[PDB]
2 protein chains.
Amino acid sequence: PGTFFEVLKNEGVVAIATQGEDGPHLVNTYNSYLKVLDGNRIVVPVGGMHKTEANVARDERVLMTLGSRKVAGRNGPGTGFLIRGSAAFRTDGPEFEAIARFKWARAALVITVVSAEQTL
Amino acid sequence: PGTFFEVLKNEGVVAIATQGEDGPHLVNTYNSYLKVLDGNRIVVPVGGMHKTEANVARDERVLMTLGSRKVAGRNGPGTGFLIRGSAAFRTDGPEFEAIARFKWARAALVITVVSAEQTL
Ligand SMILES: Cc1cc2nc3c(=O)[nH]c(=O)nc-3n(C[C@H](O)[C@H](O)[C@H](O)COP(=O)(O)O)c2cc1C
Ligand SMILES: Cc1cc2nc3c(=O)[nH]c(=O)nc-3n(C[C@H](O)[C@H](O)[C@H](O)COP(=O)(O)O)c2cc1C
């Protein structure tokens with residue numbers, strides 16, 4: 001597990017896939033923008049993510065990839081994760097406050113991780 | 001357009017989303033692993049991508065995010081793209097050869113770009 005937390009601190013772009021009625025949608029954030037709480041909750045600051053919110057309002061299911069070449073994984077150098085969870089947009093509580101330093105943030109995207117597999 | 005080509009040369013992880021019958025799927029590669037040909041074709045070396053190929057055999061539609069903080073975009077520092085295209089697995093031709101230096105590559109994933117929007 002300690003691999004995952006070292007990845008959060010490093011440089012890297014996160015990818016977030018949602019399910020629409022017109023196919024998947026795909027958006028980004030930075031590894032270091034993420035905030036982890038208890039209950040397997042990863043919190044994302046929301047500036048835009050309008051299409052994403054539309055998709056999530058209808059289908060909680062989300063996928064996320066993140067990693068870093070600086071954190072050593074399965075076959076030595078580098079590591080990547082594929083995370084499956086359920087998503088929710090929150091405007092209040094501990095989850096919104098975790099990302100509150102991002103003054104531009106209109107909401108928090110809260111991903112509750114159901115599984116994480118190392119892909120690298 | 002010259003922004004896109006500068007992004008390919010830089011450090012960065014690409015995200016590729018496909019449509020399954022069980023929801024979206026999401027896989028990675030590196031910006032510098034990509035190969036661009038004419039006909040709006042971006043070529044990806046395939047080592048694994050078994051679930052991805054299953055999804056693509058059924059639904060050509062694909063989304064891709066890639067970028068770099070080192071290439072200056074819309075609001076100054078950084079740039080990201082969201083690419084929509086159609087995918088195909090090729091085992092021969094110019095498209096496979098473009099990625100042939102990757103000896104581990106069993107195939108080429110060929111993305112024909114229908115649209116690219118700057119997201120950063
Ligand atoms: C590297 C990168 C990081 C980004 N970080 C965020 C972010 O932290 N929060 C956010 O709302 N959008 C971020 N964006 C923009 C989103 O990917 C997305 O385009 C925008 O939020 C609109 O979302 P939507 O397409 O679901 O409407 C980032 C884009 C890039 C390329
Ligand atoms: C940073 C990173 C780069 C990767 N590059 C490739 C790649 O270039 N080609 C490839 O087949 N898989 C690559 N992978 C692994 C794929 O994301 C994926 O897990 C694997 O190919 C299996 O595909 P599938 O889940 O569709 O079966 C990479 C993973 C990471 C984290």
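In what follows, chains are A, B, ... by sequence order, proteins preceding strands, each numbered from 1.
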Between the side chain of A:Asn28 and the main-chain N/O of A:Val13, is any donor-acceptor distance below 3.5 Å? no
Which distance, rounded to the nearest 0.5 Å, do you find between the CD1 of B:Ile16 and the OG1 of B:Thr52? 7.5 Å
Answer with yes or no whether the hydrophobic clustering places B:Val14 together with B:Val114; edges join I, L, V, M, F, W, Y residues whose side-chain heavy atoms lie under 4.5 Å apart. no
Supply the atom-to-atom distance A:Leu109 CG to A:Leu34 CG, rounded to the nearest 0.5 angstrom. 9.5 Å
State whether the side chain of B:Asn10 and the backbone N or O of B:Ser68 hold a donor-acceptor pair below 3.5 Å, judged by distance alone. no
Can you list the steps and then say if A:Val44 with A:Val110 is a side-chain contact (heavy atoms from CB on, under 4.5 Å)? CA-CA 6 Å; A:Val44 191; A:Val110 181; over 6 Å; no
For a quick test of your reading: what N or O donor-acceptor pairs under 3.5 Å do the side chains of residues 53-64 of chain B make, sequence neighbours left out?
from: B:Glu53; atom 1: OE1; to: B:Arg106; atom 2: NH1; distance (Å): 2.9
from: B:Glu53; atom 1: OE1; to: B:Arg106; atom 2: NH2; distance (Å): 2.8
from: B:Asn55; atom 1: ND2; to: B:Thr18; atom 2: OG1; distance (Å): 3.0
from: B:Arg58; atom 1: NE; to: B:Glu21; atom 2: OE2; distance (Å): 3.2
from: B:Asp59; atom 1: OD1; to: B:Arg61; atom 2: N; distance (Å): 3.1
from: B:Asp59; atom 1: OD1; to: B:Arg61; atom 2: NE; distance (Å): 3.2
from: B:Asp59; atom 1: OD2; to: B:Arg61; atom 2: NH2; distance (Å): 2.9

Under 3.5 Å, sequence neighbours excluded: what are the donor-acceptor pairs made by side chains of residues 94-102 of chain A?
from: A:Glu95; atom 1: OE2; to: A:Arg41; atom 2: NH1; distance (Å): 2.6

Check side-chain hydrogen bond (donor to acceptor under 3.5 Å, both in side chains) between A:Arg69 and all other residues, then give those that pass, not counting sequence neighbours. none
Could you please spell out the steps behind the side-chain contact (heavy atoms from CB on, under 4.5 Å) verdict for A:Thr3 and A:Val71? CA-CA 7 Å; A:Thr3 295; A:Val71 176; 3.8 Å; yes
Report yes if the side chains of A:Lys70 and A:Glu11 come closer than 4.5 Å at any heavy-atom pair, otherwise no. yes
Could you list the residues that satisfy side-chain hydrogen bond (donor to acceptor under 3.5 Å, both in side chains) with B:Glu6, not counting sequence neighbours? B:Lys9
Check the hydrophobic clustering (I, L, V, M, F, W, Y; side-chain heavy atoms under 4.5 Å; chains of links allowed) and say if A:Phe89 and A:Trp104 are grouped together. no
Return the set of residues passing side-chain hydrogen bond (donor to acceptor under 3.5 Å, both in side chains) with B:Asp38 (not counting sequence neighbours), or none when no residue passes. none
Looking at side-chain heavy atoms only, is the closest gap between A:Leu66 and A:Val7 below 4.5 Å? yes
According to side-chain hydrogen bond (donor to acceptor under 3.5 Å, both in side chains), who are the partners of B:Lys51, at least two apart in sequence or on a separate chain? B:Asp22
A:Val36 and A:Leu8, any side-chain heavy atoms less than 4.5 Å apart: yes
Any side-chain donor near an acceptor of the partner, A:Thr112 and A:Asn40, under 3.5 Å: no
Find out if a path of hydrophobic residues (ILVMFWY) with successive side-chain heavy-atom gaps under 4.5 Å connects B:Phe5 to B:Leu37. no
With a 4.5 Å cut-off on side-chain heavy-atom distances among I, L, V, M, F, W and Y, is there a chain of contacts connecting B:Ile111 to B:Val27? yes
What ring pair (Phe, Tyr, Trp, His ring centres under 6.0 Å) pairs are there with at least one residue in residues 43-66 of chain B, not counting sequence neighbours? none
Identify the two heavy atoms, one from A:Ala15 and one from A:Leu26, that lie closest to each other, and give their separation to 0.1 Å. CB-CD1, 4.3 Å
Contacts table for residues 72-87 of chain A: side-chain donor-acceptor under 3.5 angstrom, sequence neighbours left out:
from: A:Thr79; atom 1: OG1; to: A:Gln118; atom 2: NE2; distance (Å): 3.0
from: A:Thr79; atom 1: OG1; to: A:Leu120; atom 2: O; distance (Å): 2.9
from: A:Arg84; atom 1: NH1; to: A:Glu117; atom 2: OE2; distance (Å): 2.6

Are A:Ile42 and A:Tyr33 connected in the hydrophobic side-chain network, where two residues link if heavy atoms are under 4.5 Å apart? no
